[PDB]
$ cat query.pdb   # PDB, C-alpha atoms
MODEL        1
ATOM      1  CA  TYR A 212     -18.317 -17.459 -22.630  1.00  0.00           C
ATOM      2  CA  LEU A 213     -17.105 -15.276 -25.518  1.00  0.00           C
ATOM      3  CA  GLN A 214     -20.664 -14.289 -26.453  1.00  0.00           C
ATOM      4  CA  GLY A 215     -21.419 -10.579 -26.634  1.00  0.00           C
ATOM      5  CA  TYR A 216     -17.767  -9.544 -26.976  1.00  0.00           C
ATOM      6  CA  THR A 217     -15.157  -9.701 -29.724  1.00  0.00           C
ATOM      7  CA  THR A 218     -12.457 -11.162 -27.454  1.00  0.00           C
ATOM      8  CA  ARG A 219     -12.567 -12.291 -23.829  1.00  0.00           C
ATOM      9  CA  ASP A 220     -10.278 -13.963 -21.322  1.00  0.00           C
ATOM     10  CA  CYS A 221      -9.819 -17.720 -21.200  1.00  0.00           C
ATOM     11  CA  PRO A 222     -12.752 -19.314 -19.330  1.00  0.00           C
ATOM     12  CA  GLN A 223     -10.545 -21.842 -17.538  1.00  0.00           C
ATOM     13  CA  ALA A 224      -9.625 -20.946 -13.976  1.00  0.00           C
ATOM     14  CA  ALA A 225      -6.370 -19.046 -13.355  1.00  0.00           C
ATOM     15  CA  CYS A 226      -5.998 -18.335 -17.097  1.00  0.00           C
ATOM     16  CA  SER A 227      -5.909 -14.756 -18.404  1.00  0.00           C
ATOM     17  CA  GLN A 228      -5.466 -15.511 -22.125  1.00  0.00           C
ATOM     18  CA  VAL A 229      -7.705 -13.160 -24.118  1.00  0.00           C
ATOM     19  CA  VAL A 230      -9.325 -15.406 -26.722  1.00  0.00           C
ATOM     20  CA  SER A 231     -12.024 -15.326 -29.387  1.00  0.00           C
ATOM     21  CA  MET A 232     -13.866 -17.806 -31.588  1.00  0.00           C
ATOM     22  CA  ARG A 233     -11.139 -17.731 -34.245  1.00  0.00           C
ATOM     23  CA  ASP A 234      -8.579 -18.349 -31.494  1.00  0.00           C
ATOM     24  CA  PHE A 235     -10.284 -21.684 -30.760  1.00  0.00           C
ATOM     25  CA  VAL A 236      -9.976 -24.583 -33.194  1.00  0.00           C
ATOM     26  CA  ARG A 237     -11.381 -28.089 -33.171  1.00  0.00           C
ATOM     27  CA  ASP A 238      -9.653 -30.304 -30.625  1.00  0.00           C
ATOM     28  CA  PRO A 239      -9.467 -33.897 -31.898  1.00  0.00           C
ATOM     29  CA  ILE A 240      -7.849 -34.905 -28.614  1.00  0.00           C
ATOM     30  CA  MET A 241     -10.801 -33.745 -26.485  1.00  0.00           C
ATOM     31  CA  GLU A 242     -13.273 -35.381 -28.842  1.00  0.00           C
ATOM     32  CA  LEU A 243     -11.252 -38.577 -28.475  1.00  0.00           C
ATOM     33  CA  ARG A 244     -11.187 -38.346 -24.667  1.00  0.00           C
ATOM     34  CA  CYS A 245     -14.867 -37.489 -24.249  1.00  0.00           C
ATOM     35  CA  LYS A 246     -15.853 -40.061 -26.864  1.00  0.00           C
ATOM     36  CA  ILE A 247     -13.915 -42.807 -25.068  1.00  0.00           C
ATOM     37  CA  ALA A 248     -15.230 -41.760 -21.653  1.00  0.00           C
ATOM     38  CA  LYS A 249     -18.823 -41.607 -22.887  1.00  0.00           C
ATOM     39  CA  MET A 250     -18.523 -45.010 -24.556  1.00  0.00           C
ATOM     40  CA  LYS A 251     -17.149 -46.533 -21.343  1.00  0.00           C
ATOM     41  CA  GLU A 252     -19.973 -44.915 -19.402  1.00  0.00           C
ATOM     42  CA  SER A 253     -22.466 -46.160 -21.990  1.00  0.00           C
ATOM     43  CA  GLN A 254     -21.265 -49.752 -21.606  1.00  0.00           C
ATOM     44  CA  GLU A 255     -21.415 -49.431 -17.816  1.00  0.00           C
ATOM     45  CA  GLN A 256     -24.833 -47.766 -17.983  1.00  0.00           C
ATOM     46  CA  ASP A 257     -26.282 -50.379 -20.316  1.00  0.00           C
ATOM     47  CA  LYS A 258     -25.227 -53.148 -17.933  1.00  0.00           C
ATOM     48  CA  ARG A 259     -26.420 -51.145 -14.913  1.00  0.00           C
ATOM     49  CA  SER A 260     -29.726 -50.165 -16.552  1.00  0.00           C
ATOM     50  CA  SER A 261     -30.445 -53.761 -17.481  1.00  0.00           C
ATOM     51  CA  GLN A 262     -29.866 -54.876 -13.952  1.00  0.00           C
ATOM     52  CA  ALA A 263     -31.717 -51.713 -12.831  1.00  0.00           C
ATOM     53  CA  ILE A 264     -34.804 -53.057 -14.547  1.00  0.00           C
ATOM     54  CA  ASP A 265     -34.187 -56.547 -13.264  1.00  0.00           C
ATOM     55  CA  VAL A 266     -34.743 -55.055  -9.788  1.00  0.00           C
ATOM     56  CA  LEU A 267     -38.316 -53.997 -10.529  1.00  0.00           C
TER
ATOM     57  CA  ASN B 776     -51.688 -62.117 -21.248  1.00  0.00           C
ATOM     58  CA  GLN B 777     -48.647 -63.527 -23.036  1.00  0.00           C
ATOM     59  CA  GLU B 778     -50.687 -64.310 -26.163  1.00  0.00           C
ATOM     60  CA  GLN B 779     -51.943 -60.715 -26.193  1.00  0.00           C
ATOM     61  CA  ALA B 780     -48.345 -59.533 -25.819  1.00  0.00           C
ATOM     62  CA  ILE B 781     -47.306 -61.753 -28.740  1.00  0.00           C
ATOM     63  CA  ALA B 782     -50.088 -60.371 -30.942  1.00  0.00           C
ATOM     64  CA  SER B 783     -49.079 -56.802 -30.080  1.00  0.00           C
ATOM     65  CA  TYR B 784     -45.440 -57.666 -30.812  1.00  0.00           C
ATOM     66  CA  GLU B 785     -46.398 -59.093 -34.207  1.00  0.00           C
ATOM     67  CA  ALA B 786     -48.476 -56.064 -35.208  1.00  0.00           C
ATOM     68  CA  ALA B 787     -45.843 -53.574 -34.042  1.00  0.00           C
ATOM     69  CA  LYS B 788     -43.040 -55.459 -35.791  1.00  0.00           C
ATOM     70  CA  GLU B 789     -45.010 -55.639 -39.047  1.00  0.00           C
ATOM     71  CA  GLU B 790     -45.583 -51.878 -38.947  1.00  0.00           C
ATOM     72  CA  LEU B 791     -41.920 -51.281 -38.100  1.00  0.00           C
ATOM     73  CA  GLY B 792     -40.778 -53.550 -40.925  1.00  0.00           C
ATOM     74  CA  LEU B 793     -42.925 -51.678 -43.431  1.00  0.00           C
ATOM     75  CA  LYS B 794     -41.497 -48.354 -42.245  1.00  0.00           C
ATOM     76  CA  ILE B 795     -37.940 -49.726 -42.347  1.00  0.00           C
ATOM     77  CA  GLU B 796     -38.456 -51.014 -45.887  1.00  0.00           C
ATOM     78  CA  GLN B 797     -39.623 -47.538 -46.904  1.00  0.00           C
ATOM     79  CA  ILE B 798     -36.629 -45.889 -45.210  1.00  0.00           C
ATOM     80  CA  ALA B 799     -34.218 -48.358 -46.834  1.00  0.00           C
ATOM     81  CA  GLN B 800     -35.774 -47.518 -50.196  1.00  0.00           C
ATOM     82  CA  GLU B 801     -35.097 -43.890 -49.208  1.00  0.00           C
ATOM     83  CA  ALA B 802     -31.370 -44.585 -48.576  1.00  0.00           C
ATOM     84  CA  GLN B 803     -30.166 -44.164 -52.184  1.00  0.00           C
ATOM     85  CA  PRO B 804     -27.827 -41.156 -52.607  1.00  0.00           C
ATOM     86  CA  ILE B 805     -24.496 -42.101 -51.020  1.00  0.00           C
ATOM     87  CA  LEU B 814     -22.208 -35.161 -52.841  1.00  0.00           C
ATOM     88  CA  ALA B 815     -19.170 -32.902 -53.224  1.00  0.00           C
ATOM     89  CA  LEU B 816     -17.099 -35.878 -54.419  1.00  0.00           C
ATOM     90  CA  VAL B 817     -18.039 -35.422 -58.081  1.00  0.00           C
ATOM     91  CA  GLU B 818     -17.356 -31.679 -57.993  1.00  0.00           C
ATOM     92  CA  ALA B 819     -14.009 -32.284 -56.287  1.00  0.00           C
ATOM     93  CA  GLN B 820     -13.021 -34.869 -58.909  1.00  0.00           C
ATOM     94  CA  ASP B 821     -13.996 -32.565 -61.770  1.00  0.00           C
ATOM     95  CA  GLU B 822     -12.154 -29.583 -60.294  1.00  0.00           C
ATOM     96  CA  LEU B 823      -9.069 -31.738 -59.677  1.00  0.00           C
ATOM     97  CA  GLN B 824      -8.902 -33.103 -63.219  1.00  0.00           C
TER
ATOM     98  CA  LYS C 697     -77.414 -79.579   8.813  1.00  0.00           C
ATOM     99  CA  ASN C 698     -75.303 -81.895   6.648  1.00  0.00           C
ATOM    100  CA  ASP C 699     -76.109 -79.917   3.499  1.00  0.00           C
ATOM    101  CA  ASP C 700     -75.240 -76.613   5.186  1.00  0.00           C
ATOM    102  CA  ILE C 701     -71.887 -77.932   6.401  1.00  0.00           C
ATOM    103  CA  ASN C 702     -71.211 -79.390   2.938  1.00  0.00           C
ATOM    104  CA  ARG C 703     -71.871 -76.000   1.335  1.00  0.00           C
ATOM    105  CA  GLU C 704     -69.457 -74.405   3.801  1.00  0.00           C
ATOM    106  CA  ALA C 705     -66.883 -77.079   2.929  1.00  0.00           C
ATOM    107  CA  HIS C 706     -67.254 -76.387  -0.787  1.00  0.00           C
ATOM    108  CA  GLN C 707     -66.848 -72.645  -0.207  1.00  0.00           C
ATOM    109  CA  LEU C 708     -63.694 -73.196   1.840  1.00  0.00           C
ATOM    110  CA  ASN C 709     -62.363 -75.662  -0.756  1.00  0.00           C
ATOM    111  CA  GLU C 710     -62.792 -73.033  -3.465  1.00  0.00           C
ATOM    112  CA  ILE C 711     -61.036 -70.572  -1.138  1.00  0.00           C
ATOM    113  CA  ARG C 712     -58.122 -72.976  -0.662  1.00  0.00           C
ATOM    114  CA  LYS C 713     -57.866 -73.495  -4.408  1.00  0.00           C
ATOM    115  CA  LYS C 714     -57.796 -69.734  -4.956  1.00  0.00           C
ATOM    116  CA  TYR C 715     -54.899 -69.730  -2.496  1.00  0.00           C
ATOM    117  CA  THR C 716     -53.232 -72.497  -4.507  1.00  0.00           C
ATOM    118  CA  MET C 717     -53.845 -70.406  -7.628  1.00  0.00           C
ATOM    119  CA  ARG C 718     -51.999 -67.475  -6.053  1.00  0.00           C
ATOM    120  CA  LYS C 719     -49.228 -69.891  -5.081  1.00  0.00           C
ATOM    121  CA  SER C 720     -48.999 -70.922  -8.744  1.00  0.00           C
ATOM    122  CA  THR C 721     -48.800 -67.242  -9.682  1.00  0.00           C
ATOM    123  CA  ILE C 722     -45.875 -66.983  -7.271  1.00  0.00           C
ATOM    124  CA  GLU C 723     -44.145 -70.036  -8.722  1.00  0.00           C
ATOM    125  CA  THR C 724     -44.403 -69.012 -12.370  1.00  0.00           C
ATOM    126  CA  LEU C 725     -44.591 -65.221 -12.538  1.00  0.00           C
ATOM    127  CA  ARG C 726     -42.603 -64.549  -9.357  1.00  0.00           C
ATOM    128  CA  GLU C 727     -39.823 -67.046 -10.098  1.00  0.00           C
ATOM    129  CA  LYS C 728     -39.968 -68.524 -13.609  1.00  0.00           C
ATOM    130  CA  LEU C 729     -40.181 -65.027 -15.087  1.00  0.00           C
ATOM    131  CA  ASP C 730     -37.482 -63.922 -12.635  1.00  0.00           C
ATOM    132  CA  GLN C 731     -35.247 -66.798 -13.734  1.00  0.00           C
ATOM    133  CA  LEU C 732     -35.978 -66.148 -17.412  1.00  0.00           C
ATOM    134  CA  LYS C 733     -35.042 -62.474 -17.116  1.00  0.00           C
ATOM    135  CA  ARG C 734     -31.974 -63.226 -14.984  1.00  0.00           C
ATOM    136  CA  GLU C 735     -30.633 -65.787 -17.457  1.00  0.00           C
ATOM    137  CA  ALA C 736     -31.766 -63.777 -20.523  1.00  0.00           C
ATOM    138  CA  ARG C 737     -29.040 -61.297 -19.490  1.00  0.00           C
ATOM    139  CA  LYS C 738     -26.412 -64.072 -19.927  1.00  0.00           C
ATOM    140  CA  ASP C 739     -24.283 -61.335 -18.241  1.00  0.00           C
ATOM    141  CA  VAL C 740     -24.533 -58.891 -21.246  1.00  0.00           C
ATOM    142  CA  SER C 741     -20.797 -58.289 -20.583  1.00  0.00           C
ATOM    143  CA  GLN C 742     -20.862 -61.301 -22.929  1.00  0.00           C
ATOM    144  CA  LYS C 743     -22.252 -59.657 -26.072  1.00  0.00           C
ATOM    145  CA  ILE C 744     -20.649 -56.339 -25.122  1.00  0.00           C
ATOM    146  CA  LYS C 745     -17.195 -57.925 -25.028  1.00  0.00           C
ATOM    147  CA  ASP C 746     -18.022 -59.757 -28.253  1.00  0.00           C
TER
ATOM    148  CA  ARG D 349     -16.480 -46.494 -40.295  1.00  0.00           C
ATOM    149  CA  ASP D 350     -19.488 -48.503 -41.482  1.00  0.00           C
ATOM    150  CA  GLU D 351     -18.807 -51.174 -38.865  1.00  0.00           C
ATOM    151  CA  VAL D 352     -18.383 -48.322 -36.378  1.00  0.00           C
ATOM    152  CA  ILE D 353     -21.950 -47.253 -37.104  1.00  0.00           C
ATOM    153  CA  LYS D 354     -23.131 -50.861 -36.858  1.00  0.00           C
ATOM    154  CA  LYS D 355     -21.413 -51.355 -33.508  1.00  0.00           C
ATOM    155  CA  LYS D 356     -22.859 -48.105 -32.191  1.00  0.00           C
ATOM    156  CA  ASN D 357     -26.244 -49.557 -33.120  1.00  0.00           C
ATOM    157  CA  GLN D 358     -25.258 -52.714 -31.236  1.00  0.00           C
ATOM    158  CA  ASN D 359     -24.428 -50.583 -28.167  1.00  0.00           C
ATOM    159  CA  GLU D 360     -28.085 -49.399 -28.622  1.00  0.00           C
ATOM    160  CA  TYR D 361     -28.839 -53.034 -27.910  1.00  0.00           C
ATOM    161  CA  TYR D 362     -28.758 -50.919 -24.729  1.00  0.00           C
ATOM    162  CA  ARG D 363     -32.512 -51.307 -25.201  1.00  0.00           C
ATOM    163  CA  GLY D 364     -31.455 -54.808 -26.445  1.00  0.00           C
ATOM    164  CA  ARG D 365     -30.743 -55.999 -22.888  1.00  0.00           C
ATOM    165  CA  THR D 366     -32.272 -52.983 -21.035  1.00  0.00           C
ATOM    166  CA  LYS D 367     -35.726 -52.304 -22.636  1.00  0.00           C
ATOM    167  CA  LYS D 368     -36.552 -56.048 -23.068  1.00  0.00           C
ATOM    168  CA  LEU D 369     -35.932 -56.731 -19.323  1.00  0.00           C
ATOM    169  CA  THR D 372     -38.069 -59.822 -13.474  1.00  0.00           C
ATOM    170  CA  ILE D 373     -39.396 -58.903 -10.017  1.00  0.00           C
ATOM    171  CA  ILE D 374     -42.589 -56.927 -10.771  1.00  0.00           C
ATOM    172  CA  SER D 375     -44.463 -60.214 -10.638  1.00  0.00           C
ATOM    173  CA  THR D 376     -42.229 -61.359  -7.764  1.00  0.00           C
ATOM    174  CA  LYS D 377     -43.124 -58.377  -5.572  1.00  0.00           C
ATOM    175  CA  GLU D 378     -46.822 -58.612  -6.428  1.00  0.00           C
ATOM    176  CA  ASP D 379     -47.099 -62.413  -6.313  1.00  0.00           C
ATOM    177  CA  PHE D 380     -45.958 -62.252  -2.693  1.00  0.00           C
ATOM    178  CA  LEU D 381     -48.775 -59.792  -2.015  1.00  0.00           C
ATOM    179  CA  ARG D 382     -51.134 -62.095  -3.925  1.00  0.00           C
ATOM    180  CA  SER D 383     -50.204 -65.068  -1.740  1.00  0.00           C
ATOM    181  CA  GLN D 384     -49.913 -63.060   1.489  1.00  0.00           C
ATOM    182  CA  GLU D 385     -53.418 -61.679   0.976  1.00  0.00           C
ATOM    183  CA  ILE D 386     -54.671 -65.127  -0.034  1.00  0.00           C
ATOM    184  CA  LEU D 387     -52.875 -66.812   2.879  1.00  0.00           C
ATOM    185  CA  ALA D 388     -55.286 -65.080   5.257  1.00  0.00           C
ATOM    186  CA  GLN D 389     -58.099 -66.107   2.902  1.00  0.00           C
ATOM    187  CA  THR D 390     -57.266 -69.791   3.396  1.00  0.00           C
ATOM    188  CA  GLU D 394     -57.772 -75.528   5.057  1.00  0.00           C
ATOM    189  CA  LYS D 395     -57.550 -79.201   4.108  1.00  0.00           C
ATOM    190  CA  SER D 396     -57.982 -80.207   7.754  1.00  0.00           C
ATOM    191  CA  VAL D 397     -61.304 -78.345   7.798  1.00  0.00           C
ATOM    192  CA  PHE D 398     -62.358 -80.131   4.603  1.00  0.00           C
TER
ATOM    193  CA  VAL E 389     -29.896 -42.010 -44.910  1.00  0.00           C
ATOM    194  CA  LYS E 390     -28.246 -45.433 -44.951  1.00  0.00           C
ATOM    195  CA  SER E 391     -27.201 -44.863 -41.331  1.00  0.00           C
ATOM    196  CA  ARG E 392     -30.817 -44.065 -40.453  1.00  0.00           C
ATOM    197  CA  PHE E 393     -31.960 -47.207 -42.277  1.00  0.00           C
ATOM    198  CA  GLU E 394     -29.447 -49.303 -40.328  1.00  0.00           C
ATOM    199  CA  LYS E 395     -30.693 -47.748 -37.084  1.00  0.00           C
ATOM    200  CA  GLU E 396     -34.223 -48.701 -38.123  1.00  0.00           C
ATOM    201  CA  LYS E 397     -33.055 -52.246 -38.857  1.00  0.00           C
ATOM    202  CA  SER E 398     -31.529 -52.384 -35.369  1.00  0.00           C
ATOM    203  CA  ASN E 399     -34.936 -51.357 -34.025  1.00  0.00           C
ATOM    204  CA  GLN E 400     -36.366 -54.201 -36.119  1.00  0.00           C
ATOM    205  CA  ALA E 401     -33.891 -56.601 -34.517  1.00  0.00           C
ATOM    206  CA  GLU E 402     -34.941 -55.427 -31.052  1.00  0.00           C
ATOM    207  CA  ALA E 403     -38.602 -55.901 -31.978  1.00  0.00           C
ATOM    208  CA  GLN E 404     -37.824 -59.411 -33.233  1.00  0.00           C
ATOM    209  CA  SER E 405     -36.026 -60.159 -29.962  1.00  0.00           C
ATOM    210  CA  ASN E 406     -39.122 -59.016 -28.068  1.00  0.00           C
ATOM    211  CA  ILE E 407     -41.243 -61.242 -30.325  1.00  0.00           C
ATOM    212  CA  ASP E 408     -39.020 -64.247 -29.620  1.00  0.00           C
ATOM    213  CA  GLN E 409     -39.117 -63.623 -25.866  1.00  0.00           C
ATOM    214  CA  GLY E 410     -42.900 -63.404 -26.054  1.00  0.00           C
ATOM    215  CA  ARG E 411     -42.974 -66.672 -27.996  1.00  0.00           C
ATOM    216  CA  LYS E 412     -40.864 -68.422 -25.355  1.00  0.00           C
ATOM    217  CA  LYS E 413     -43.087 -67.084 -22.573  1.00  0.00           C
ATOM    218  CA  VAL E 414     -46.226 -68.113 -24.483  1.00  0.00           C
ATOM    219  CA  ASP E 415     -44.919 -71.649 -24.982  1.00  0.00           C
ATOM    220  CA  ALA E 416     -43.903 -72.003 -21.329  1.00  0.00           C
ATOM    221  CA  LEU E 417     -47.273 -70.698 -20.142  1.00  0.00           C
ATOM    222  CA  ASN E 418     -49.088 -73.051 -22.529  1.00  0.00           C
ATOM    223  CA  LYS E 419     -47.165 -75.962 -21.023  1.00  0.00           C
ATOM    224  CA  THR E 420     -47.932 -74.806 -17.478  1.00  0.00           C
ATOM    225  CA  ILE E 421     -51.628 -74.194 -18.208  1.00  0.00           C
ATOM    226  CA  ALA E 422     -51.949 -77.645 -19.781  1.00  0.00           C
ATOM    227  CA  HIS E 423     -50.250 -79.125 -16.713  1.00  0.00           C
ATOM    228  CA  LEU E 424     -52.595 -77.306 -14.331  1.00  0.00           C
ATOM    229  CA  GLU E 425     -55.624 -78.298 -16.415  1.00  0.00           C
ATOM    230  CA  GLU E 426     -54.483 -81.911 -16.083  1.00  0.00           C
ATOM    231  CA  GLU E 427     -53.945 -81.465 -12.336  1.00  0.00           C
ATOM    232  CA  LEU E 428     -57.344 -79.835 -11.770  1.00  0.00           C
ATOM    233  CA  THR E 429     -59.071 -82.942 -13.129  1.00  0.00           C
ATOM    234  CA  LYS E 430     -56.951 -85.056 -10.774  1.00  0.00           C
ATOM    235  CA  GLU E 431     -57.766 -82.822  -7.797  1.00  0.00           C
ATOM    236  CA  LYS E 436     -71.013 -85.076  -6.515  1.00  0.00           C
TER
ENDMDL
END
$ encode --input "query.pdb" --output "structure tokens"
Amino acid sequence: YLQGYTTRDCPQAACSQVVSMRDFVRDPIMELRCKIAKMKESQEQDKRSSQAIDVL
Amino acid sequence: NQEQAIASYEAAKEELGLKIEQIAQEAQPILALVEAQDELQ
Amino acid sequence: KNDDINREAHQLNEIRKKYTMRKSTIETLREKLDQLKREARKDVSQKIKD
Amino acid sequence: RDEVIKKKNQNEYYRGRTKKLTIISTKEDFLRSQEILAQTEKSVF
Amino acid sequence: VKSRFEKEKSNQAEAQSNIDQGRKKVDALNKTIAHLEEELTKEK
């Protein structure tokens, strides 16, 4: 989103904050959320995929 | 058919085990820890 | 005539046993493999929750 | 952390209950018998 | 590299599980084929 320009507005909707790469820092909270969500989905998907093969 | 499957399983697992033994032998090293310790002291 | 009818009987007996063979395929591959795969799961929610 | 890596590998027993696994024979065996049902009688014998 | 080796060992465990499943299927099919061989003699 910030590619090609030094600073650009915040990509989120209704946000006008002009940001750059240095303005963004690693978010441990988002990694935690996505990690947890993906692991839950992975457990669900492994069970679903196994039964998804049991169908064939 | 099941005996053929068993033979294929055995061959594939033998090959995999050889490769895994090689990779385990390749898993020696652990880096910047020594340099950090030296700089600290 | 008797020999001809006997040959026909043997052909139809082999046909019926091929049918029984397909029935055996049903019983083992259709069901025994189905049961083995169904129980092999042991509801993986088991090992997952372990 | 080491056990974290191990348990991630155990989640990759995704293939552990997914890849190893029922009805492929079941669907076809029906077709095998249905086709062979028309083929075939003990009363005739 | 140790993580990669452990991943490979997990693949080894999956292969061994496949081997064991094949062994169980082979044994069951041996029992069934022996049974049907016995039956065929039961059923010039």
$ residues_around --input "query.pdb" --residues "residue C:737" --least-positions-apart "3" --cutoff "8 Å" --atoms "all atoms listed in the file" --output "ChimeraX atom specification"
/A:261 /C:733-734,740 /D:365
$ residues_around --input "query.pdb" --residues "residue C:721" --least-positions-apart "4" --cutoff "12 Å" --atoms "all atoms listed in the file" --output "PyMOL selection string"
(chain C and resi 714-717+725-729) or (chain D and resi 375-384+386) or (chain E and resi 417+420-421+424)
$ resolve_selection --input "query.pdb" --expression "the PyMOL selection byres ((chain D and resi 389) around 8)" --output "count of residues only"
8
$ resolve_selection --input "query.pdb" --expression "the ChimeraX specification (/A :<9) & /D" --output "ChimeraX atom specification"
/D:359-363,365-369,372-377
$ resolve_selection --input "query.pdb" --expression "the PyMOL selection byres ((chain A and resi 220) around 6)" --output "mmCIF file with C-alpha atoms, keeping the file's coordinate frame"
data_model
loop_
_atom_site.group_PDB
_atom_site.id
_atom_site.type_symbol
_atom_site.label_atom_id
_atom_site.label_comp_id
_atom_site.auth_asym_id
_atom_site.auth_seq_id
_atom_site.Cartn_x
_atom_site.Cartn_y
_atom_site.Cartn_z
ATOM 1 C CA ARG A 219 -12.567 -12.291 -23.829
ATOM 2 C CA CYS A 221 -9.819 -17.720 -21.200
ATOM 3 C CA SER A 227 -5.909 -14.756 -18.404
ATOM 4 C CA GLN A 228 -5.466 -15.511 -22.125
ATOM 5 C CA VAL A 229 -7.705 -13.160 -24.118
ATOM 6 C CA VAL A 230 -9.325 -15.406 -26.722
#
$ residues_around --input "query.pdb" --residues "residue A:218" --least-positions-apart "4" --cutoff "10 Å" --atoms "all atoms listed in the file" --output "list in words"
residues 212, 213, 214, 228, 229, 230, 231, 232, 233 and 234 of chain A
$ closest_atom_pairs --input "query.pdb" --of "chain B" --to "chain E" --cutoff "6 Å" --atoms "only C-alpha atoms" --output "Markdown table"
| residue | atom | partner | partner_atom | distance |
| --- | --- | --- | --- | --- |
| B:777 | CA | E:414 | CA | 5.4 |
| B:781 | CA | E:410 | CA | 5.4 |
| B:784 | CA | E:407 | CA | 5.5 |
| B:788 | CA | E:403 | CA | 5.9 |
| B:795 | CA | E:396 | CA | 5.7 |
| B:798 | CA | E:393 | CA | 5.7 |
| B:799 | CA | E:393 | CA | 5.2 |
| B:802 | CA | E:389 | CA | 4.7 |
$ decode --input "query.pdb" --residues "chain B" --atoms "C-alpha atoms" --output "PDB file, in the first residue's frame"
ATOM      1  CA  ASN B 776      -2.939 -55.553  -3.886  1.00  0.00           C
ATOM      2  CA  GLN B 777      -2.330 -55.108  -0.163  1.00  0.00           C
ATOM      3  CA  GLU B 778       0.951 -57.046  -0.335  1.00  0.00           C
ATOM      4  CA  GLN B 779       2.097 -54.773  -3.166  1.00  0.00           C
ATOM      5  CA  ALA B 780       1.108 -51.767  -1.053  1.00  0.00           C
ATOM      6  CA  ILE B 781       3.103 -53.165   1.880  1.00  0.00           C
ATOM      7  CA  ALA B 782       6.183 -53.680  -0.299  1.00  0.00           C
ATOM      8  CA  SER B 783       5.917 -50.120  -1.623  1.00  0.00           C
ATOM      9  CA  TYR B 784       5.502 -48.838   1.942  1.00  0.00           C
ATOM     10  CA  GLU B 785       8.621 -50.719   3.046  1.00  0.00           C
ATOM     11  CA  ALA B 786      10.761 -49.419   0.178  1.00  0.00           C
ATOM     12  CA  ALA B 787       9.561 -45.831   0.593  1.00  0.00           C
ATOM     13  CA  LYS B 788      10.086 -45.910   4.360  1.00  0.00           C
ATOM     14  CA  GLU B 789      13.605 -47.317   3.976  1.00  0.00           C
ATOM     15  CA  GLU B 790      14.496 -44.518   1.556  1.00  0.00           C
ATOM     16  CA  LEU B 791      12.916 -41.936   3.864  1.00  0.00           C
ATOM     17  CA  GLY B 792      14.782 -43.313   6.873  1.00  0.00           C
ATOM     18  CA  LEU B 793      18.099 -43.083   5.045  1.00  0.00           C
ATOM     19  CA  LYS B 794      17.368 -39.476   4.071  1.00  0.00           C
ATOM     20  CA  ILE B 795      16.267 -38.630   7.623  1.00  0.00           C
ATOM     21  CA  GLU B 796      19.443 -40.156   9.053  1.00  0.00           C
ATOM     22  CA  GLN B 797      21.471 -37.978   6.680  1.00  0.00           C
ATOM     23  CA  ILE B 798      19.494 -34.859   7.638  1.00  0.00           C
ATOM     24  CA  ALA B 799      19.868 -35.635  11.353  1.00  0.00           C
ATOM     25  CA  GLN B 800      23.613 -35.970  10.807  1.00  0.00           C
ATOM     26  CA  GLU B 801      23.324 -32.540   9.149  1.00  0.00           C
ATOM     27  CA  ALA B 802      21.640 -31.004  12.244  1.00  0.00           C
ATOM     28  CA  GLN B 803      24.832 -30.156  14.179  1.00  0.00           C
ATOM     29  CA  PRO B 804      25.318 -26.379  14.622  1.00  0.00           C
ATOM     30  CA  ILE B 805      22.778 -25.224  17.215  1.00  0.00           C
ATOM     31  CA  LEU B 814      25.473 -18.287  16.060  1.00  0.00           C
ATOM     32  CA  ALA B 815      25.578 -14.738  17.429  1.00  0.00           C
ATOM     33  CA  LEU B 816      25.520 -16.103  20.993  1.00  0.00           C
ATOM     34  CA  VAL B 817      29.307 -16.427  21.232  1.00  0.00           C
ATOM     35  CA  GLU B 818      29.890 -12.942  19.819  1.00  0.00           C
ATOM     36  CA  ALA B 819      27.311 -11.491  22.209  1.00  0.00           C
ATOM     37  CA  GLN B 820      28.955 -13.206  25.190  1.00  0.00           C
ATOM     38  CA  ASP B 821      32.410 -11.980  24.186  1.00  0.00           C
ATOM     39  CA  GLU B 822      31.225  -8.412  23.619  1.00  0.00           C
ATOM     40  CA  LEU B 823      29.390  -8.443  26.961  1.00  0.00           C
ATOM     41  CA  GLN B 824      32.379  -9.650  28.972  1.00  0.00           C
TER      42      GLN B 824
END
